[PDB]
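These notes concern the structure reproduced below.
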Amino acid sequence: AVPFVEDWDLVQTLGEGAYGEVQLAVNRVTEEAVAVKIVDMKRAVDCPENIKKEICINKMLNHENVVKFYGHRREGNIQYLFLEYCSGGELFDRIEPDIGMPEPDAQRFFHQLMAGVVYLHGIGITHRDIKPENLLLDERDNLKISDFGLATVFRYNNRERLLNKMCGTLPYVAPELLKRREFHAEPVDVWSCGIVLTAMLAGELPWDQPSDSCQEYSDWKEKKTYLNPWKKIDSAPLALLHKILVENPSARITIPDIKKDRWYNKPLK
Ligand SMILES: COc1ccc(Cl)cc1NC(=O)Nc1cncc(O[C@@H](C)CN(C)C)n1
């Protein structure tokens with residue numbers, strides 16, 4: 002009964018912010034490394050959809066492109082979260098401002114991004130907050146999706162539940178979420194992946210939000226992909242983006258079709 006195996010040393014802090022902080026934990030004996038999120042409490046009108054939800058959903062998640070959840074521990078006010086350690090870091094920092102990154106890597110990250118989403122959707126769960134800072138990388142640069150504090154089930158018992166609660170991050174949020182009462186969950190994550198796509202192949206975000214009151218979003222819908230933000234994107238990938246950032250969520254392309262895309266299956270490039 003190897004002693005001391007349950008004690009973890011909080012070697013350092015990996016990130017700081019709203020929630021509180023994420024610390025790197027190292028086992029006292031084995032020396033394995035994990036991520037520990039520290040919080041306190043939040044909201045109440047829908048407690049099940051709070052720190053408790055981030056736990057319930059994580060308890061269902063299991064895929065090589067989704068941050069592994071090890072467990073939780075309460076302490077009156079101190080709530081510890083044991084997540085997978087990703088020495089790689091946030092995809093965000095691998096994106097040169099104004100430039101982005103090499104098309105190859107972008108495609109590689111996008112492929113893995115699709116696998117996680119396919120999986121999550123496969124099991125009826127939507128992220129609702131997909132963005133470069135919620136995409137971690139491990140030692141081998143494998144893409145891992147994290148932060149399911151906004152994730153919710155949209156299919157239970159083979160029945161789809163439409164959404165109406167606005168959640169996410171404005172720049173990454175689909176247009177039907179600001180113009181409609183209710184909408185389908187799945188198309189909302191595709192739009193976000195698309196915005197992530199454009200961030201990786203251009204180093205910048207198109208609009209502050211998908212509203213007509215927003216300049217660049219109007220130019221986009223007008224095909225002015227010249228000089229503008231898409232000027233830095235090659236035509237193969239840009240074609241795919243013409244298929245993703247389609248206003249009408251029902252016209253918008255689906256994951257299964259994205260995997261059939263020309264640039265998606267194009268070698269290296
Ligand atoms: C703060 O996150 C960082 C920063 C730098 C490095 Cl090298 C690794 C991690 N995270 C992990 O290893 N693991 C992890 C797994 N899930 C969530 C989370 O923290 C989030 C709450 C912070 N951002 C929004 C990802 N961290």
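The entry's author numbering numbers the first residue of the sequence shown as 2 and each following residue consecutively. Here a beta-carbon is modelled for each residue, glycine too, at the ideal position from N, C-alpha and C.
With DSSP as the reference, label residue i as helix, strand or coil.
| i | result |
| --- | --- |
| residue 153 | strand |
| residue 204 | coil |
| residue 24 | strand |
| residue 15 | strand |
| residue 198 | helix |
| residue 1 | Given a span of 2 to 270 for the chain in the structure shown, any question on residue 1 remains unanswerable. |
| residue 223 | coil |
| residue 217 | helix |
| residue 269 | coil |
| residue 161 | strand |
Would you say the beta carbon of residue i comes nearer than 7 angstroms to a heavy atom of ligand 1?
| i | result |
| --- | --- |
| residue 91 | yes |
| residue 87 | yes |
| residue 258 | no |
| residue 38 | yes |
| residue 81 | no |
| residue 68 | yes |
| residue 77 | no |
| residue 12 | no |
| residue 51 | no |
| residue 41 | no |
| residue 187 | no |
| residue 219 | no |
| residue 23 | yes |
| residue 123 | no |
| residue 147 | yes |
| residue 55 | no |
| residue 202 | no |
| residue 239 | no |
| residue 135 | yes |
| residue 15 | yes |
| residue 84 | yes |
| residue 20 | yes |
Quick one: give me the first and last residue of the alpha helix (DSSP H) that residue i is part of.
| i | result |
| --- | --- |
| residue 255 | First-last for residue 255: undefined, no H or E at that position. |
| residue 58 | 52 to 59 |
| residue 240 | 236 to 245 |
| residue 177 | 177 to 180 |
What residue range is occupied by the uninterrupted beta strand (DSSP E) comprising residue i?
| i | result |
| --- | --- |
| residue 38 | 34 to 40 |
*Any alpha helix (DSSP H) of 4 or more consecutive residues that is wholly inside the segment 63 to 147*: 104 to 123
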